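target34.tsv, holding TSV, C-alpha atoms and all ligand atoms:
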chain	number	residue	atom	x	y	z
A	25	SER	CA	16.67	12.42	51.64
A	26	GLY	CA	16.02	16.10	52.34
A	27	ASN	CA	16.28	18.28	49.23
A	28	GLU	CA	16.36	15.06	47.16
A	29	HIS	CA	12.84	13.84	47.96
A	30	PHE	CA	11.48	17.19	46.73
A	31	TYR	CA	12.18	16.11	43.13
A	32	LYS	CA	11.42	12.38	43.21
A	33	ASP	CA	8.15	12.90	45.12
A	34	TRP	CA	6.90	16.46	44.48
A	35	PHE	CA	8.45	18.30	41.51
A	36	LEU	CA	8.99	15.62	38.87
A	37	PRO	CA	5.59	13.84	39.21
A	38	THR	CA	3.78	17.16	38.74
A	39	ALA	CA	6.02	17.97	35.76
A	40	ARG	CA	5.20	14.61	34.19
A	41	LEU	CA	1.51	15.41	34.72
A	42	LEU	CA	1.96	18.73	32.91
A	43	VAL	CA	4.34	17.65	30.13
A	44	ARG	CA	2.93	14.27	29.11
A	45	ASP	CA	5.35	13.77	26.20
A	46	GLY	CA	8.80	12.60	27.23
A	47	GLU	CA	10.88	14.24	24.50
A	48	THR	CA	9.17	17.59	25.13
A	49	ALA	CA	10.21	17.49	28.78
A	50	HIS	CA	13.69	16.47	27.61
A	51	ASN	CA	13.98	19.53	25.35
A	52	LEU	CA	12.70	21.74	28.18
A	53	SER	CA	15.23	20.53	30.76
A	54	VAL	CA	18.08	20.91	28.26
A	55	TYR	CA	16.80	24.44	27.60
A	56	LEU	CA	16.89	25.16	31.34
A	57	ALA	CA	20.34	23.66	31.95
A	58	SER	CA	21.78	25.64	29.02
A	59	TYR	CA	20.97	28.95	30.76
A	60	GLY	CA	22.08	27.86	34.24
A	61	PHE	CA	18.59	27.33	35.71
A	62	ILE	CA	19.77	24.21	37.55
A	63	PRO	CA	20.89	23.54	41.15
A	64	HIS	CA	24.67	23.80	41.34
A	65	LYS	CA	26.89	21.62	43.53
A	66	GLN	CA	30.33	22.23	45.00
A	67	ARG	CA	33.26	20.24	43.66
A	68	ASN	CA	35.90	18.59	45.88
A	69	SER	CA	33.01	17.54	48.14
A	70	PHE	CA	34.10	13.86	48.14
A	71	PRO	CA	37.86	13.61	48.77
A	72	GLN	CA	37.76	9.81	49.15
A	73	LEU	CA	36.05	9.42	45.76
A	74	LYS	CA	38.49	11.37	43.57
A	75	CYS	CA	39.98	9.10	40.91
A	76	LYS	CA	42.33	9.19	37.92
A	77	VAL	CA	41.19	7.50	34.70
A	78	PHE	CA	43.06	7.90	31.39
A	79	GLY	CA	45.36	10.25	33.30
A	80	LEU	CA	42.42	12.60	33.94
A	81	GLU	CA	41.31	13.82	37.36
A	82	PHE	CA	37.68	13.03	38.22
A	83	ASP	CA	35.84	14.57	41.16
A	84	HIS	CA	33.98	11.25	41.49
A	85	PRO	CA	33.32	8.21	39.25
A	86	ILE	CA	29.73	9.33	38.50
A	87	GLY	CA	28.95	11.04	35.20
A	88	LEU	CA	26.10	11.58	32.75
A	89	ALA	CA	25.79	9.02	29.96
A	90	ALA	CA	25.44	9.91	26.30
A	91	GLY	CA	22.12	10.87	24.72
A	92	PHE	CA	21.07	13.63	27.13
A	93	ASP	CA	23.26	16.48	25.87
A	94	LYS	CA	23.19	15.29	22.27
A	95	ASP	CA	24.28	18.68	20.90
A	96	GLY	CA	26.54	19.99	23.68
A	97	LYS	CA	24.13	22.77	24.67
A	98	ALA	CA	24.06	22.23	28.45
A	99	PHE	CA	27.18	20.31	29.52
A	100	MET	CA	28.41	23.25	31.62
A	101	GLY	CA	25.27	23.40	33.77
A	102	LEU	CA	25.26	19.61	34.09
A	103	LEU	CA	28.88	19.61	35.27
A	104	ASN	CA	27.95	22.27	37.83
A	105	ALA	CA	24.91	20.16	38.76
A	106	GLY	CA	27.06	17.42	40.26
A	107	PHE	CA	28.18	15.08	37.48
A	108	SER	CA	31.94	14.68	37.19
A	109	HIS	CA	31.85	14.11	33.43
A	110	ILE	CA	29.37	14.59	30.59
A	111	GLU	CA	29.36	12.45	27.44
A	112	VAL	CA	28.16	14.72	24.63
A	113	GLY	CA	26.58	12.74	21.81
A	114	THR	CA	25.71	10.85	19.87
A	115	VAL	CA	26.97	13.23	17.15
A	116	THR	CA	26.73	12.36	13.45
A	117	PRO	CA	28.72	14.03	10.63
A	118	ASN	CA	25.71	15.59	8.91
A	119	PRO	CA	22.73	17.05	10.79
A	120	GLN	CA	20.19	14.26	11.19
A	121	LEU	CA	16.48	14.24	12.02
A	122	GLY	CA	16.17	10.74	13.48
A	123	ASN	CA	13.23	8.39	13.69
A	124	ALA	CA	9.63	9.57	13.71
A	125	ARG	CA	8.03	10.99	16.89
A	126	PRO	CA	6.83	10.03	19.43
A	127	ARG	CA	10.07	8.12	20.06
A	128	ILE	CA	10.37	8.37	23.88
A	129	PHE	CA	8.06	6.69	26.39
A	130	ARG	CA	8.10	6.66	30.19
A	131	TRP	CA	7.59	3.47	32.21
A	132	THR	CA	7.18	5.10	35.62
A	133	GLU	CA	5.91	1.90	37.27
A	134	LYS	CA	9.44	0.48	36.94
A	135	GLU	CA	11.42	3.77	36.77
A	136	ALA	CA	12.31	2.89	33.18
A	137	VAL	CA	12.35	4.53	29.75
A	138	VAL	CA	11.87	3.03	26.28
A	139	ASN	CA	13.32	5.11	23.44
A	140	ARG	CA	13.91	4.78	19.69
A	141	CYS	CA	15.38	8.20	18.88
A	142	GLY	CA	17.68	7.02	16.10
A	143	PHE	CA	20.62	9.44	16.49
A	144	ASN	CA	19.07	12.90	16.21
A	145	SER	CA	22.07	15.23	16.07
A	146	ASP	CA	22.95	18.72	14.85
A	147	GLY	CA	26.02	17.47	12.96
A	148	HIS	CA	29.75	17.67	13.56
A	149	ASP	CA	30.12	21.39	12.88
A	150	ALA	CA	27.26	22.63	15.08
A	151	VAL	CA	28.35	20.55	18.08
A	152	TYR	CA	32.04	21.31	17.54
A	153	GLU	CA	31.34	25.06	17.70
A	154	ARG	CA	30.00	24.49	21.23
A	155	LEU	CA	33.06	22.51	22.40
A	156	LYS	CA	36.03	24.17	20.66
A	157	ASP	CA	37.12	26.55	23.43
A	158	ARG	CA	37.04	23.81	26.11
A	159	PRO	CA	35.16	25.95	28.67
A	160	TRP	CA	35.01	22.99	31.09
A	161	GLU	CA	38.78	23.14	31.68
A	162	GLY	CA	39.39	22.37	35.35
A	163	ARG	CA	35.65	22.00	35.99
A	164	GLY	CA	35.18	18.41	34.81
A	165	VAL	CA	35.64	15.99	31.93
A	166	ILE	CA	33.81	16.01	28.59
A	167	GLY	CA	33.67	13.07	26.21
A	168	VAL	CA	32.18	12.88	22.71
A	169	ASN	CA	30.18	9.89	21.44
A	170	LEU	CA	30.61	9.53	17.68
A	171	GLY	CA	28.05	8.06	15.30
A	172	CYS	CA	27.21	7.69	11.63
A	173	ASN	CA	24.41	9.07	9.50
A	174	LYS	CA	21.47	6.92	8.42
A	175	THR	CA	22.11	7.50	4.70
A	176	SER	CA	25.87	7.03	5.07
A	177	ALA	CA	27.78	5.16	2.38
A	178	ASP	CA	30.77	4.12	4.52
A	179	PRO	CA	29.88	4.22	8.24
A	180	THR	CA	33.50	3.64	9.28
A	181	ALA	CA	34.40	6.82	7.38
A	182	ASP	CA	31.85	8.69	9.51
A	183	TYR	CA	33.47	7.40	12.71
A	184	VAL	CA	36.92	8.34	11.40
A	185	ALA	CA	35.65	11.83	10.51
A	186	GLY	CA	34.34	12.17	14.06
A	187	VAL	CA	37.68	11.12	15.54
A	188	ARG	CA	39.43	13.76	13.43
A	189	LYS	CA	36.78	16.40	14.23
A	190	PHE	CA	36.63	16.13	18.04
A	191	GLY	CA	39.94	14.41	18.82
A	192	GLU	CA	41.65	17.71	19.67
A	193	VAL	CA	39.00	19.22	21.97
A	194	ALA	CA	37.43	16.16	23.66
A	195	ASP	CA	38.92	14.45	26.70
A	196	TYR	CA	37.84	11.06	25.33
A	197	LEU	CA	35.98	9.65	22.34
A	198	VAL	CA	33.41	6.84	22.24
A	199	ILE	CA	32.21	4.63	19.39
A	200	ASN	CA	29.01	2.59	19.71
A	201	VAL	CA	29.18	-1.04	18.62
A	202	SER	CA	26.13	-1.84	16.50
A	203	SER	CA	23.57	-3.66	18.62
A	204	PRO	CA	22.24	-6.97	17.28
A	205	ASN	CA	18.78	-5.35	17.16
A	206	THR	CA	18.15	-4.58	13.48
A	207	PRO	CA	19.97	-4.36	10.12
A	208	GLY	CA	20.04	-0.58	10.66
A	209	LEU	CA	23.80	0.01	10.75
A	210	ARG	CA	24.37	-3.74	11.21
A	211	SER	CA	26.77	-3.89	8.25
A	212	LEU	CA	29.55	-3.76	10.88
A	213	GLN	CA	28.14	-6.68	12.90
A	214	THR	CA	30.97	-9.09	12.04
A	215	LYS	CA	34.35	-9.55	13.69
A	216	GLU	CA	36.38	-8.34	10.70
A	217	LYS	CA	34.30	-5.21	10.07
A	218	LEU	CA	34.90	-4.27	13.71
A	219	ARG	CA	38.64	-4.90	13.33
A	220	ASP	CA	38.59	-2.82	10.15
A	221	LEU	CA	36.71	-0.03	11.93
A	222	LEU	CA	39.10	0.04	14.89
A	223	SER	CA	42.12	-0.04	12.55
A	224	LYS	CA	41.03	3.05	10.61
A	225	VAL	CA	39.86	4.81	13.78
A	226	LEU	CA	43.19	4.27	15.56
A	227	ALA	CA	45.06	5.46	12.46
A	228	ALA	CA	43.08	8.70	12.50
A	229	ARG	CA	43.62	8.94	16.26
A	230	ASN	CA	47.39	8.65	15.81
A	231	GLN	CA	47.28	11.51	13.28
A	232	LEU	CA	46.32	13.85	16.14
A	233	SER	CA	48.67	15.89	18.31
A	234	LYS	CA	47.61	13.93	21.42
A	235	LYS	CA	46.69	10.24	21.63
A	236	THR	CA	43.11	10.93	22.65
A	237	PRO	CA	41.51	7.96	24.47
A	238	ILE	CA	39.23	5.85	22.26
A	239	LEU	CA	36.43	3.99	24.04
A	240	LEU	CA	34.08	1.32	22.70
A	241	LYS	CA	30.48	1.22	23.94
A	242	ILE	CA	28.73	-2.14	23.54
A	243	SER	CA	25.23	-3.64	23.97
A	244	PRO	CA	24.27	-5.99	26.83
A	245	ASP	CA	22.46	-8.33	24.40
A	246	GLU	CA	25.60	-9.82	22.83
A	247	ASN	CA	25.95	-13.56	23.32
A	248	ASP	CA	29.03	-15.07	24.95
A	249	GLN	CA	30.95	-15.74	21.73
A	250	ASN	CA	30.41	-12.32	20.14
A	251	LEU	CA	31.24	-10.68	23.48
A	252	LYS	CA	34.58	-12.52	23.48
A	253	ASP	CA	35.21	-11.48	19.87
A	254	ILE	CA	34.64	-7.81	20.69
A	255	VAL	CA	37.06	-8.03	23.63
A	256	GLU	CA	39.67	-9.84	21.51
A	257	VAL	CA	39.68	-7.22	18.74
A	258	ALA	CA	39.64	-4.42	21.32
A	259	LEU	CA	42.77	-5.83	22.99
A	260	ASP	CA	44.79	-6.88	19.93
A	261	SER	CA	48.04	-4.93	19.66
A	262	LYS	CA	47.23	-3.82	16.10
A	263	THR	CA	43.78	-2.50	17.12
A	264	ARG	CA	44.11	-1.82	20.85
A	265	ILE	CA	41.60	0.69	22.24
A	266	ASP	CA	41.80	2.48	25.59
A	267	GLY	CA	38.60	1.46	27.39
A	268	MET	CA	35.07	0.14	27.08
A	269	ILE	CA	31.61	1.25	28.17
A	270	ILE	CA	29.14	-1.40	29.37
A	271	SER	CA	26.52	-0.96	28.36
A	272	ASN	CA	23.77	0.57	26.21
A	273	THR	CA	20.06	-0.32	26.18
A	274	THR	CA	18.32	-3.68	25.84
A	275	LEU	CA	15.80	-4.56	23.14
A	276	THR	CA	12.33	-4.24	24.66
A	277	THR	CA	9.82	-7.07	24.44
A	278	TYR	CA	6.24	-6.62	23.26
A	279	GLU	CA	4.79	-6.86	26.78
A	280	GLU	CA	7.31	-4.34	28.14
A	281	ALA	CA	6.50	-1.97	25.27
A	282	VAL	CA	2.70	-2.02	25.57
A	283	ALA	CA	2.97	-1.21	29.29
A	284	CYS	CA	4.48	2.22	28.57
A	285	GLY	CA	3.01	3.12	25.18
A	286	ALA	CA	5.99	2.08	23.05
A	287	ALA	CA	3.74	-0.47	21.29
A	288	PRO	CA	2.02	-0.51	18.95
A	289	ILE	CA	3.81	1.77	16.46
A	290	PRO	CA	1.31	4.02	14.63
A	291	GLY	CA	1.36	2.86	11.01
A	292	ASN	CA	3.39	-0.34	11.45
A	293	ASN	CA	1.63	-3.72	11.26
A	294	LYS	CA	4.74	-5.90	10.91
A	295	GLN	CA	5.84	-7.93	13.92
A	296	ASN	CA	9.58	-7.90	13.10
A	297	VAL	CA	9.86	-4.34	14.40
A	298	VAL	CA	12.14	-2.76	17.00
A	299	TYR	CA	9.98	-0.98	19.58
A	300	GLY	CA	13.01	0.60	21.23
A	301	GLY	CA	15.64	0.17	23.92
A	302	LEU	CA	14.85	-0.33	27.60
A	303	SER	CA	16.81	1.79	30.08
A	304	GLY	CA	16.36	2.25	33.81
A	305	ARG	CA	16.21	-0.04	36.81
A	306	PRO	CA	15.13	-3.18	34.84
A	307	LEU	CA	18.50	-2.89	33.04
A	308	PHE	CA	20.79	-2.92	36.09
A	309	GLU	CA	20.91	-6.70	36.59
A	310	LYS	CA	21.77	-7.52	32.97
A	311	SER	CA	24.14	-4.63	32.21
A	312	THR	CA	26.08	-5.37	35.41
A	313	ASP	CA	26.47	-9.07	34.58
A	314	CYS	CA	27.68	-8.13	31.10
A	315	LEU	CA	30.19	-5.76	32.72
A	316	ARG	CA	31.36	-8.51	35.07
A	317	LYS	CA	31.91	-10.74	32.03
A	318	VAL	CA	33.89	-8.16	30.03
A	319	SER	CA	36.05	-7.31	33.05
A	320	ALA	CA	37.00	-11.00	33.23
A	321	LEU	CA	37.77	-11.27	29.51
A	322	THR	CA	39.97	-8.16	29.53
A	323	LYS	CA	41.75	-9.31	32.73
A	324	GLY	CA	41.39	-5.71	33.91
A	325	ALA	CA	43.75	-4.39	31.24
A	326	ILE	CA	41.64	-1.40	30.14
A	327	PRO	CA	39.35	0.89	32.18
A	328	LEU	CA	35.62	0.20	32.09
A	329	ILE	CA	32.61	2.47	32.51
A	330	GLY	CA	29.60	0.77	34.07
A	331	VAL	CA	26.35	2.21	32.72
A	332	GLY	CA	22.77	1.03	33.06
A	333	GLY	CA	20.16	1.11	35.79
A	334	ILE	CA	22.11	3.02	38.44
A	335	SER	CA	19.49	4.50	40.78
A	336	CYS	CA	21.29	4.54	44.16
A	337	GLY	CA	24.78	4.18	45.61
A	338	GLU	CA	24.90	0.40	45.97
A	339	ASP	CA	24.17	-0.01	42.26
A	340	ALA	CA	27.21	2.08	41.33
A	341	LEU	CA	29.28	0.23	43.94
A	342	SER	CA	28.20	-3.09	42.42
A	343	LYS	CA	29.46	-1.93	39.02
A	344	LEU	CA	32.69	-0.52	40.46
A	345	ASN	CA	33.37	-3.78	42.31
A	346	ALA	CA	32.52	-5.76	39.16
A	347	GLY	CA	35.42	-4.12	37.29
A	348	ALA	CA	34.29	-0.60	36.37
A	349	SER	CA	36.45	2.47	36.97
A	350	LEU	CA	33.71	4.99	36.09
A	351	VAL	CA	29.91	4.91	36.17
A	352	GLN	CA	27.23	6.74	34.19
A	353	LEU	CA	23.47	7.15	34.42
A	354	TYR	CA	20.55	8.64	32.50
A	355	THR	CA	17.12	7.29	33.42
A	356	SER	CA	17.55	7.82	37.16
A	357	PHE	CA	18.30	11.47	36.35
A	358	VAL	CA	14.82	11.65	34.79
A	359	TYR	CA	13.10	10.16	37.85
A	360	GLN	CA	15.29	11.72	40.56
A	361	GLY	CA	16.41	15.06	39.10
A	362	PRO	CA	19.67	16.96	39.59
A	363	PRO	CA	20.38	15.69	43.14
A	364	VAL	CA	20.89	12.17	41.71
A	365	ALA	CA	24.48	13.16	40.84
A	366	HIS	CA	25.65	13.82	44.41
A	367	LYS	CA	23.10	11.48	46.02
A	368	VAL	CA	24.77	8.36	44.61
A	369	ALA	CA	28.18	9.81	45.51
A	370	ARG	CA	27.12	10.32	49.13
A	371	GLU	CA	25.86	6.74	49.39
A	372	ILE	CA	29.07	5.30	47.93
A	373	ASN	CA	31.15	7.24	50.46
A	374	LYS	CA	28.94	5.85	53.25
A	375	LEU	CA	29.29	2.24	52.06
A	376	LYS	CA	33.10	2.33	51.94
A	377	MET	CA	33.33	3.48	55.59
A	378	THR	CA	32.83	0.13	57.32
A	401	LIG	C1	16.37	8.82	25.43
A	401	LIG	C2	17.71	8.15	25.38
A	401	LIG	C3	18.64	8.53	24.42
A	401	LIG	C4	19.88	7.90	24.38
A	401	LIG	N1	20.80	8.28	23.42
A	401	LIG	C5	22.04	7.67	23.37
A	401	LIG	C6	22.96	8.05	22.41
A	401	LIG	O1	22.68	8.94	21.60
A	401	LIG	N2	24.20	7.44	22.36
A	401	LIG	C7	24.51	6.45	23.27
A	401	LIG	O2	25.61	5.90	23.22
A	401	LIG	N3	23.59	6.06	24.22
A	401	LIG	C8	22.36	6.67	24.28
A	401	LIG	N4	21.44	6.29	25.24
A	401	LIG	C9	21.81	5.21	26.21
A	401	LIG	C10	22.41	5.80	27.47
A	401	LIG	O3	23.49	6.64	27.14
A	401	LIG	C11	22.90	4.71	28.41
A	401	LIG	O4	23.74	3.83	27.71
A	401	LIG	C12	21.75	3.91	29.02
A	401	LIG	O5	20.56	4.67	29.03
A	401	LIG	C13	22.12	3.55	30.45
A	401	LIG	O6	21.00	3.05	31.15
A	401	LIG	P1	20.43	3.89	32.39
A	401	LIG	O7	19.91	5.20	31.88
A	401	LIG	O8	19.30	3.11	33.00
A	401	LIG	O9	21.53	4.13	33.41
A	401	LIG	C14	20.20	6.90	25.29
A	401	LIG	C15	19.26	6.53	26.25
A	401	LIG	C16	18.02	7.15	26.30
A	401	LIG	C17	17.01	6.74	27.33
A	402	LIG	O1	15.28	14.17	29.49
A	402	LIG	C1	14.20	14.03	30.04
A	402	LIG	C2	13.75	15.07	31.02
A	402	LIG	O2	14.54	16.13	31.15
A	402	LIG	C3	12.55	14.88	31.75
A	402	LIG	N1	12.26	15.70	32.78
A	402	LIG	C4	13.17	16.26	33.72
A	402	LIG	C5	14.30	15.56	34.11
A	402	LIG	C6	15.19	16.10	35.01
A	402	LIG	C7	14.94	17.35	35.50
A	402	LIG	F1	15.82	17.89	36.39
A	402	LIG	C8	13.85	18.09	35.14
A	402	LIG	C9	12.96	17.54	34.23
A	402	LIG	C10	11.62	13.76	31.37
A	402	LIG	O3	10.49	13.69	31.92
A	402	LIG	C11	12.09	12.75	30.40
A	402	LIG	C12	11.28	11.65	30.13
A	402	LIG	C13	11.70	10.70	29.23
A	402	LIG	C14	12.93	10.82	28.59
A	402	LIG	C15	13.74	11.90	28.86
A	402	LIG	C16	13.33	12.88	29.77
What is this structure when it is put down as structure tokens?
Amino acid sequence: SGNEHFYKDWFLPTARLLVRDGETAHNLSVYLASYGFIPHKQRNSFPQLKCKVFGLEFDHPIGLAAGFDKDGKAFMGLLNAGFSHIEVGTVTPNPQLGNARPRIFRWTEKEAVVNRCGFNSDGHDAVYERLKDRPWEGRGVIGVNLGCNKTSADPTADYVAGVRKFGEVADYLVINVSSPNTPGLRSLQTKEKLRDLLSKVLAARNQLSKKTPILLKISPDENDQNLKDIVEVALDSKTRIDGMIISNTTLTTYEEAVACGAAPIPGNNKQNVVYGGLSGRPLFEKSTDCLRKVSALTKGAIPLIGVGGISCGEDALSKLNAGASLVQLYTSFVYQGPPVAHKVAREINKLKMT
């Protein structure tokens, strides 16, 4: 390991002992990365791993998934940290508070995290002011993950507003398919509402000066039939997107939630409650299988981004061999620190030389 074991074994465990709350440590690390207090890494360090996706040059297929830099405050330091691309988001049109706190819980025994943030964003305008000048030009790729407000009348209008707001400055845009977890934003959980959403979104996209790539991020909990329906609408000529992201988080069970403090919810006695989404190593097996399914349904027509449970190099290689062109992580960055960006890259380069 070397300088990598210093975080996974010495720095981060002591930090978790000091900052017991997960979201507090999240705010602190974002505060540090916004000012540059973060180990930098040299680009062009992996010549055999450079790739071209959506016509964009990537230093390596490894990037930071959405939800970490929700407001675009520290994407520059994270690009310098080792990630080849940062997915700013999820950003809502109006500034949103999100669900009640605590909403983030560590499951260190399995290197996992259970969260129920609920799209806490600073709004379109605040995040757009941090991305307008494109300061990352030539230093990496930046995508924007668009969302809708909780009190929104027409959620598809919120996604269209996001496409029009960030379509000129972002390298790519992402829209989250509503997970079959709760009625919260599940008004678009049918095949025709998705086709309607993609139709309006692509119309707004075509109104831009450049045909900015539109990606669709799905949940690993979709059954076989709904998974096929999502792929069909995503590939139809009238509503053809540019790529997909597989996947998001999995609905946590009661036993998995009580092991990390996600359950019970203070002030909630009902059993039909969503404790949160499970990310980390327990997600890798399911999210990869879902990716392997989608890659077969699309026949490899559109690029895919494998996300979920990547903790070492062979995990990312499994996703890349399954049909993914890019890979993203989040939870392993919590448990392994900044070196996790180049660590996985090193291991991939060692596995290809055989
Ligand atoms: C605390 C937290 C917040 C997240 N916020 C978002 C988000 O706002 N938008 C989104 O598309 N995914 C969000 N995610 C999901 C991640 O982007 C990613 O899909 C998932 O965590 C991948 O699993 P992994 O971290 O184990 O690799 C969030 C995940 C966590 C743990
Ligand atoms: O975002 C989180 C975070 O920044 C943590 N610490 C951390 C991570 C990397 C780093 F380089 C320095 C400190 C957390 O413990 C955490 C826990 C649960 C959810 C999110 C985070």
Using all atoms listed in the file, which protein or nucleic acid residues are at most 9 Å from ligand LIG 402 (chain A), as a count of residues only? 42
Using Å and a single decimal, report how far atom CA of residue 338 of chain A sits from atom CA of residue 375 of chain A. 7.7 Å
Could you please extract the residues within 6 Å of ligand LIG 401 (chain A), counting all atoms listed in the file, and hand them back as an mmCIF file with C-alpha atoms, in the frame of the given file?
data_model
loop_
_atom_site.group_PDB
_atom_site.id
_atom_site.type_symbol
_atom_site.label_atom_id
_atom_site.label_comp_id
_atom_site.auth_asym_id
_atom_site.auth_seq_id
_atom_site.Cartn_x
_atom_site.Cartn_y
_atom_site.Cartn_z
ATOM 1 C CA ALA A 89 25.790 9.020 29.960
ATOM 2 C CA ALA A 90 25.440 9.910 26.300
ATOM 3 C CA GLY A 91 22.120 10.870 24.720
ATOM 4 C CA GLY A 113 26.580 12.740 21.810
ATOM 5 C CA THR A 114 25.710 10.850 19.870
ATOM 6 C CA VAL A 137 12.350 4.530 29.750
ATOM 7 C CA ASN A 139 13.320 5.110 23.440
ATOM 8 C CA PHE A 143 20.620 9.440 16.490
ATOM 9 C CA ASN A 200 29.010 2.590 19.710
ATOM 10 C CA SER A 271 26.520 -0.960 28.360
ATOM 11 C CA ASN A 272 23.770 0.570 26.210
ATOM 12 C CA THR A 273 20.060 -0.320 26.180
ATOM 13 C CA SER A 303 16.810 1.790 30.080
ATOM 14 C CA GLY A 304 16.360 2.250 33.810
ATOM 15 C CA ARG A 305 16.210 -0.040 36.810
ATOM 16 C CA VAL A 331 26.350 2.210 32.720
ATOM 17 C CA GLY A 332 22.770 1.030 33.060
ATOM 18 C CA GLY A 333 20.160 1.110 35.790
ATOM 19 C CA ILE A 334 22.110 3.020 38.440
ATOM 20 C CA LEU A 353 23.470 7.150 34.420
ATOM 21 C CA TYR A 354 20.550 8.640 32.500
ATOM 22 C CA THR A 355 17.120 7.290 33.420
#
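For segment 255-262 of chain A, the residues within 7 Å (counting all atoms listed in the file, excluding itself and residues fewer than 6 positions away along the chain) are residues 219, 321 and 322 of chain A.
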For a cutoff of 6 Å around the file-coordinate point (5.6, 5.6, 11.9), which residues qualify once you count all atoms listed in the file? I'd like the result as a list in words.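 Protein and nucleic acid residues near the point are residues 124, 290 and 291 of chain A.
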Show me the residues around (26.0, 21.2, 16.7) - criterion: an atom at most 10 Å away, only C-alpha atoms counted - as a count of residues only. 21
Please measure the separation of atom CA of residue 77 of chain A and atom CA of residue 186 of chain A, giving the value in Å to one decimal.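 The value is 22.2 Å.
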